[PDB]
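Q: One structure coming up, written as structure tokens, with questions to follow.
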Amino acid sequence: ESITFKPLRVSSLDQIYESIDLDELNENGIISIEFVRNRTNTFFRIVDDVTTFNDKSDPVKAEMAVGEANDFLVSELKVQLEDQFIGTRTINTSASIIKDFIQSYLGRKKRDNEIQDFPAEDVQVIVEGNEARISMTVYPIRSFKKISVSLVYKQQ
Amino acid sequence: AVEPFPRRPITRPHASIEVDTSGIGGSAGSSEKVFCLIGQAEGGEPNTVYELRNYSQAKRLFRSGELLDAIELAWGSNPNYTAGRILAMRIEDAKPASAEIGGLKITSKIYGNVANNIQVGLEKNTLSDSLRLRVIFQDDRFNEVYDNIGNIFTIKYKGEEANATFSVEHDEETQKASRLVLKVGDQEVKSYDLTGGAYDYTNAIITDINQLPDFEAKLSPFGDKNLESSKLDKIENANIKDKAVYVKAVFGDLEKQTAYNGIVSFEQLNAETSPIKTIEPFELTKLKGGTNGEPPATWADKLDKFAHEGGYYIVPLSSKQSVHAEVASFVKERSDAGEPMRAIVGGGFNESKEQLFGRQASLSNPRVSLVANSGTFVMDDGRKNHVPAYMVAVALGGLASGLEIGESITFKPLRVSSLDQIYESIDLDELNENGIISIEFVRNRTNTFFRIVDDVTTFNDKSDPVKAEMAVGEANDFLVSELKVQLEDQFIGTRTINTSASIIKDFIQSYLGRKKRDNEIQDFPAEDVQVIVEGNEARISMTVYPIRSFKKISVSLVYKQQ
Amino acid sequence: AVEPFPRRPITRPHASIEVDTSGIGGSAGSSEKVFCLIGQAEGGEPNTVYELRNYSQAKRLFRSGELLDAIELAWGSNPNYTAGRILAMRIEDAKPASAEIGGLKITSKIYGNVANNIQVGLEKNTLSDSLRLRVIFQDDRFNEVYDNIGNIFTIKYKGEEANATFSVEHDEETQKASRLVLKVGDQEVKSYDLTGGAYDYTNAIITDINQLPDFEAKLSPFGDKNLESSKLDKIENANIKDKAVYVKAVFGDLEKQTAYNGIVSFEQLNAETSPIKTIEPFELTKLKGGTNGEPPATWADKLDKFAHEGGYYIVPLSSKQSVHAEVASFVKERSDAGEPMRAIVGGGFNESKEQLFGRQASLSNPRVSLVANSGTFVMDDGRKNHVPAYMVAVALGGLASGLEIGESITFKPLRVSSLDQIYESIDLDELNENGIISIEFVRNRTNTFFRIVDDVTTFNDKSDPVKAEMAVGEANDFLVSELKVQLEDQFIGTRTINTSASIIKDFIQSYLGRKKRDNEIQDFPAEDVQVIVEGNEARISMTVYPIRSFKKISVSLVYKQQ
Amino acid sequence: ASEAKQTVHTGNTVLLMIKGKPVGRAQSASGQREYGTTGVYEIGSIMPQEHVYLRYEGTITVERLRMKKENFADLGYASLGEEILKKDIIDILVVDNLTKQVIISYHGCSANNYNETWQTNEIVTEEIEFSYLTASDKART
């Protein structure tokens, strides 16, 4: 989960910005705090979680939510793979068993709901001697940001 | 279909709330079949088929015309039944407006007369050595203004020598930038050769120039100005020491800042090698050449685009006989090509019966159906839209594309506020038997509706319900399509030696068995199915009973005084 | 063929994971047969055929080009019918890039215009009286460094005598330097000829010198240096009593280490009998002269390279009519020689059916099939490419490679995103009847398919299925070829003492019976076989019925009451 | 008859693996599944209109001859006392002996029953029953 739109303890701020200023500031890759008041209820909120990196084309680079979850995922997967495979003989190991292990790891991960569903078929492996290569495809955790509404009065 | 026009991605998380008088007048409903139309439309580009899902998109895409009035009814002809997915295409060959001034050519993606109302101009800004661009569009109330156009990050020099000179040089066969150099006094310090690498990116050039001890590179204050070094204007002996030197690409920066803005598009004028003419400021100018063409006598080329697109219940928005002749031949070929079509047509503000008999004499294809009545509909805006018959046909078509497979349009209500004509019972009987659809008015207990009397088509012979009526043909068309696909997959890609007549017979019974469970058909005589096989060829005959429908009743009364 | 790339040596046991936009891609599946391709392709050796088992190898060696896209189509067209193994050879006769600086001639393992982007340079390491090397291949960002190059071991003389001298002699006939003598106070202890025999390796010399009570030869720990003795450098009167005397093999150390560089080969410059130009430090400098050359006017020599490789299917990525003739002639030669093959061809964009008939008129051969449709494919990284027919030909070839021998490509689906032209039912019939294979479009309720209508070769006559349907002819081809090669081994190859005609007849009948038990053949005549023996020759004649596929179904419906 | 050409998986061709090791002295293995299939019936007709799936039950059985070393109790793949609560899930694979290709895999195996026997002249027989979450047959193609 992200820090986006969550409240804050701050009593007051030195600066409050316009919508256009926030848009330019946000697109530049800078975090800002906005003031919201409605029905006599005042908060200070985190507008976004974007990082200093510029290219929006790489969510894993731009935003904290993708990077944070990705960082822990690889750490967990890396440790398990090292224990399972490294201290074992090559002769009894092959590509297919490696592929099944990955699917099981991603299978139990999905049950915990830490990730969205994944294309199990996309996983494929190559093996040669003491070395092996793996490629996999996975879908991230999304997040809903903006909405649009309109109104119409029909006089009845 | 040609994809709907896109929108800018999300800028910031927020909640955008606004107020409009009209808003959304309709939207698509869940459906499988699709509804097709053609007519006069002010917007988009011609000879193109678009996928419509919501009224606002069509309204913005097609700013005006009879199309939206037809569309609005289709998604609102009935509270329950709605057309669903719609395909549309404008007939007339419109053209965009254009203007060519000051080394630039301006054109509008919008094709039509209204594009001429677009005003675009360039202004000179001396405070920053740049140009301004303004656009004005009265009808859409679309205005755009941009400042400091054509500027790229500046360079400054710090050394002792009397001069530091900078230049940008171009390829002679493409006018693209090929080399730009930095020089100190009478000697050269560095140069970047535009052959890929870091020399393409101004971002890297800022870093590389900053790395020089005697040179400084600093960026503009107005947002991002990154641009490929290829687009840079030719510059010679730009003095770097006394004042900072401005790097210029008027065309490149203008295109980025004016990105999107599909109302206006830019082309750079090749001066009468035709060199890239220098861009000049010029006052705001109304575009010219935006026009709407005439419709040709033959729309057959237009109609062919809808082929192989999965449409159904086409409706041409015209009364003249020539169009109706084309579509009738067109749908016939669609039925032959395994993509069956049906059409609904109208004859204008006919308001008479005798003309219809002549029209019905001309058209008797089972695949087309004619409606006689014309009436007024109330739009969302409330305009008393008095329309010809072929607009009423759209309401019928819009209803039909929403209704389920196995049910008819017969006796169902309609939104129409009023009609031009109401007929007698005998007139309805003669009109109905002729093979023409009519709308009747019913009032009882102070409750008024307008109803579809029948669904019979232009074909005459009542002896062939599959030909005469829509309900039999519509369901039959889908049934054969489903059965045909399954049979082709199951049998064709298999060896003849393991296949025989009996297995074919069992497959058919199972297919008709599961069909009956779904209740899409009445019961069938399983025994009647029989097959012949010979080599690579096989022949099948089967018997099936249709879905009936109860139409007429008779009652009598008797008073016994007690 | 050659599987080009062996293992990369590794250093440490570790698991590394790195995000990326793209993955390893496709993989070759299990297959009875092999698929041959030729096309424009960057990377790899010209006029050399490479075998590929994975898309990774294709990327690693065939670095880019339409050929690499073709491989993606072969394995990505259908996961169920994934194409088998691949043989590839680039049409372009690329050249290496070369650099000759600092006593070294440096050339690129890479062939093509890319090769000029390779930079290599030497540096002087003042810390140990040694040379240093760096190799950077900027496009692949491959950086390599070697240090302490040339210095193997150090000698010190420990005695009190006035002078100790180290000398190495030179042979001018062969340019070698193959002697090493230690002298102290005008008296000699030993002399080691470096021409093999007693002191072939420097290891023995170090052992020999260490045994001397007044000397010690000590091994340099910076890099494995156990070079052969003949590779030691020219040395003249080095004072052994000093702090350190180095024994040097500058090229020998370079020769071993640089063999493991993935980009570069090294040669020692002979001056331009000329002595050796000294290997010395020099600036990191671009290689030059590497180009793609031009394709040959005739591809016959290329095709002859594939003889005796077993690739049943071959596809030239071209539309040239003359090239097609070359392949057809080549395939004709191989088939008679005893190596059956099939060629798949297709040319140009949206080519006219008359032009297709023009190709048919020019070319009518059962060993080739002509594809007419051109379309676009969505590929890895989301890019969609609009391509000629011969890329579609690869999809047919990749499909047919994956399918079993007894199963035709007829009617099977295809993944192609779209096609330039949508042939009508009559249009399709004309092509197929004239020996043209095409693609057909169909639409489900909410699905769309592209299907291969039927198997047909350019040969027109319908009389003989083997001539017309490549699937049937292929079944015969593999049947006979597999039989004969087995028969050659048993009687010709293996030492057979005696043989009779009847024995051959029984063996043939045994073979055919096994095929039926495996369902490879449906039926055959047992009594039709003939065998004749004449001295050292035997004639065998037999018949087998081809398999027949399911083509036509005709259906009629009858509606009835009740 | 030959190793490669036999179209049928004999017991010899198959190998059973757990956690990167083969299982020595294996004797039998069975896998049973129930999709919880049921029929839909209504008043209109006796015949079932449709069939649907309700619950997934999956169990695998294994038998083994108790080796003096590397038993399930010794190896930790099975437990006797309260230590079971400290045992995680296990994945089992059934493998083609020739090429170490996978034939079928069981994911999330957890123990249900554990049985042991001793007898005068027979070999010691060790049996165990595993219940699993899912079974998959992939990586073959």
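To be explicit about the labels: the chains of the structure tokens are called A, B, and onward in the order shown, and within each one the residues are counted from 1, while ligands get numbers from 1 in the order they are shown.
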Please report as a ChimeraX atom specification which residues of chain C come no farther than 8 Å from chain A, using only C-alpha atoms.
A: /C:7,13-17,23-24
Q: I'd like the neighbourhood of residue 382 (chain C) as a PDB file with N, CA and C atoms, in the first residue's frame, where a residue qualifies if any of its atoms comes within 12 Å (using only C-alpha atoms), though same-chain residues fewer than 5 positions away should be ignored.
A:
```pdb
ATOM      1  N   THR C  21      12.566  -4.905 -19.385  1.00  0.00           N
ATOM      2  CA  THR C  21      11.381  -4.732 -20.216  1.00  0.00           C
ATOM      3  C   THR C  21      11.067  -5.989 -21.013  1.00  0.00           C
ATOM      4  N   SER C  22      12.080  -6.804 -21.301  1.00  0.00           N
ATOM      5  CA  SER C  22      11.935  -7.961 -22.169  1.00  0.00           C
ATOM      6  C   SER C  22      12.570  -9.176 -21.515  1.00  0.00           C
ATOM      7  N   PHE C 377       1.961  -8.614 -37.941  1.00  0.00           N
ATOM      8  CA  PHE C 377       2.099  -9.456 -36.763  1.00  0.00           C
ATOM      9  C   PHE C 377       2.464  -8.607 -35.557  1.00  0.00           C
TER      10      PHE C 377
END
```
Q: I want to know what sits within 6 Å of residue 313 (chain B), based on only C-alpha atoms, with residues of the same chain fewer than 2 positions away left out; could you give that as a PyMOL selection string?
A: chain B and resi 35+342-343
Q: Counting only C-alpha atoms, which residues of chain A come no farther than 9 Å from chain D, as a ChimeraX atom specification?
A: /A:84-85,88-89,91-97,99-101,104,107-108,121,123-124
Q: Between B:304, B:518, B:429, B:351, which residue has the minimum interatomic distance to chain C, considering only C-alpha atoms?
A: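 Using only C-alpha atoms, chain C sits closest to B:304.
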Q: Could you work out which residues of chain C fall inside 7 Å of chain B? Count only C-alpha atoms, and format the result as a PyMOL selection string.
A: chain C and resi 410-411+425+548-562
Q: Could you please select, counting only C-alpha atoms, the residues of chain C within 12 Å of chain D and state them as a PyMOL selection string?
A: chain C and resi 27-30+78-82+517-518
Q: So which bits of chain D end up alpha helix (DSSP H) when you DSSP the backbone, as a PyMOL selection string?
A: chain D and resi 72-75
Q: For the residues in the current selection, export N, CA and C atoms as an mmCIF file, in the first residue's frame.
A:
```cif
data_model
loop_
_atom_site.group_PDB
_atom_site.id
_atom_site.type_symbol
_atom_site.label_atom_id
_atom_site.label_comp_id
_atom_site.auth_asym_id
_atom_site.auth_seq_id
_atom_site.Cartn_x
_atom_site.Cartn_y
_atom_site.Cartn_z
ATOM 1 N N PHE D 72 11.607 -40.688 6.485
ATOM 2 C CA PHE D 72 10.861 -39.441 6.588
ATOM 3 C C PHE D 72 11.017 -38.819 7.968
ATOM 4 N N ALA D 73 10.943 -39.633 9.022
ATOM 5 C CA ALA D 73 11.182 -39.118 10.363
ATOM 6 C C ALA D 73 12.604 -38.597 10.511
ATOM 7 N N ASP D 74 13.587 -39.338 10.000
ATOM 8 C CA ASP D 74 14.971 -38.879 10.058
ATOM 9 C C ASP D 74 15.170 -37.642 9.194
ATOM 10 N N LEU D 75 14.526 -37.609 8.027
ATOM 11 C CA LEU D 75 14.770 -36.538 7.070
ATOM 12 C C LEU D 75 13.942 -35.296 7.368
#
```
Q: Hey, what's within 9 Å of region 202-204 of chain B if we count only C-alpha atoms and toss same-chain stuff fewer than 2 positions away? As number ranges by chain, please?
A: B: 152-153, 198-200, 206-209, 225-229
Q: Pick the closest to residue 47 (chain A) from A:4, A:12, A:103, A:113: which is it, counting only C-alpha atoms?
A: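 Nearest candidate to residue 47 (chain A) out of A:4, A:12, A:103, A:113: A:4.
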Q: Check the DSSP output for the backbone and give back, as a PyMOL selection string, the residues of region 38-120 of chain A in strand (DSSP E).
A: chain A and resi 42-46
Q: Give me, please, the distance in Å between CA of residue 42 (chain B) and CA of residue 138 (chain B), quoted to one decimal.
A: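 Separation between CA of residue 42 (chain B) and CA of residue 138 (chain B): 15.7 Å.
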Q: Calculated over only C-alpha atoms, which of the candidates B:183, B:383, B:516, B:248 has the smallest distance to residue 417 (chain B)?
A: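 Ranking B:183, B:383, B:516, B:248 by distance to residue 417 (chain B), first place goes to B:383.
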Q: What separation in Å, quoted to one decimal, exists between CA of residue 353 (chain B) and CA of residue 369 (chain B)?
A: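 Spanning CA of residue 353 (chain B) to CA of residue 369 (chain B) is a straight-line distance of 15.7 Å.
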Q: Separation of CA of residue 534 (chain B) and CA of residue 506 (chain B), in Å?
A: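 Going from CA of residue 534 (chain B) over to CA of residue 506 (chain B), I get 17.9 Å.
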Q: So that I can check the surroundings of residue 114 (chain B), please list as a ChimeraX atom specification every protein, DNA and RNA residue that reaches within 9 Å of it, counting only C-alpha atoms and ignoring chain neighbours fewer than 5 positions away.
A: /B:42,97,139,290-291
Q: Give me a file of those residues, with N, CA, C and O atoms, as a PDB file, in the first residue's frame.
A:
```pdb
ATOM      1  N   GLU B  42     -21.254  16.024 -39.110  1.00  0.00           N
ATOM      2  CA  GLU B  42     -20.264  17.099 -39.073  1.00  0.00           C
ATOM      3  C   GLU B  42     -19.199  16.732 -38.044  1.00  0.00           C
ATOM      4  O   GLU B  42     -19.296  17.047 -36.857  1.00  0.00           O
ATOM      5  N   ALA B  97      -9.604  22.296 -43.374  1.00  0.00           N
ATOM      6  CA  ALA B  97      -9.154  23.638 -43.700  1.00  0.00           C
ATOM      7  C   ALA B  97      -7.637  23.722 -43.566  1.00  0.00           C
ATOM      8  O   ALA B  97      -7.004  22.911 -42.884  1.00  0.00           O
ATOM      9  N   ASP B 139     -16.786  28.063 -32.265  1.00  0.00           N
ATOM     10  CA  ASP B 139     -17.890  27.118 -32.113  1.00  0.00           C
ATOM     11  C   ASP B 139     -17.638  26.145 -30.969  1.00  0.00           C
ATOM     12  O   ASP B 139     -18.520  25.918 -30.133  1.00  0.00           O
ATOM     13  N   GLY B 290     -11.757  24.196 -45.588  1.00  0.00           N
ATOM     14  CA  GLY B 290     -12.613  23.277 -44.866  1.00  0.00           C
ATOM     15  C   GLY B 290     -13.963  23.194 -45.543  1.00  0.00           C
ATOM     16  O   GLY B 290     -14.683  24.202 -45.629  1.00  0.00           O
ATOM     17  N   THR B 291     -14.320  22.011 -46.034  1.00  0.00           N
ATOM     18  CA  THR B 291     -15.515  21.858 -46.849  1.00  0.00           C
ATOM     19  C   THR B 291     -16.141  20.498 -46.596  1.00  0.00           C
ATOM     20  O   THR B 291     -15.487  19.566 -46.121  1.00  0.00           O
TER      21      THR B 291
END
```
Q: Considering only C-alpha atoms, state which residue in the set C:299, C:104, C:164, C:473 is at the smallest distance from residue 278 (chain C).
A: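 Looking at the shortest contact to residue 278 (chain C), the residue is C:104.
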Q: Find the residues near residue 11 (chain B): any atom within 12 Å, counting only C-alpha atoms, skip ones fewer than 4 places away on the same chain, and give them as a ChimeraX atom specification.
A: /A:19-29,47-48,56,145-147 /B:7,15-16
Q: I want to know what sits within 7 Å of region 269-273 of chain C, based on only C-alpha atoms, with residues of the same chain fewer than 4 positions away left out; could you give that as a VMD selection string?
A: chain C and resid 103 to 105 277
Q: Suppose we keep N, CA and C atoms; can you now write the selection as a PDB file, in the first residue's frame?
A:
```pdb
ATOM      1  N   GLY C 103      52.145  -1.885 -32.356  1.00  0.00           N
ATOM      2  CA  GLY C 103      52.716  -3.194 -32.589  1.00  0.00           C
ATOM      3  C   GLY C 103      51.723  -4.332 -32.621  1.00  0.00           C
ATOM      4  N   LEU C 104      50.425  -4.043 -32.656  1.00  0.00           N
ATOM      5  CA  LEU C 104      49.387  -5.059 -32.622  1.00  0.00           C
ATOM      6  C   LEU C 104      48.368  -4.813 -33.724  1.00  0.00           C
ATOM      7  N   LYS C 105      48.022  -5.886 -34.430  1.00  0.00           N
ATOM      8  CA  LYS C 105      46.930  -5.890 -35.395  1.00  0.00           C
ATOM      9  C   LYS C 105      45.705  -6.469 -34.702  1.00  0.00           C
ATOM     10  N   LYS C 277      57.406  -5.274 -35.137  1.00  0.00           N
ATOM     11  CA  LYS C 277      57.070  -3.955 -34.611  1.00  0.00           C
ATOM     12  C   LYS C 277      56.722  -4.102 -33.134  1.00  0.00           C
TER      13      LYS C 277
END
```
Q: Smallest atom-to-atom distance to residue 45 (chain A): which of A:141, A:15, A:67, A:5, using only C-alpha atoms?
A: A:5
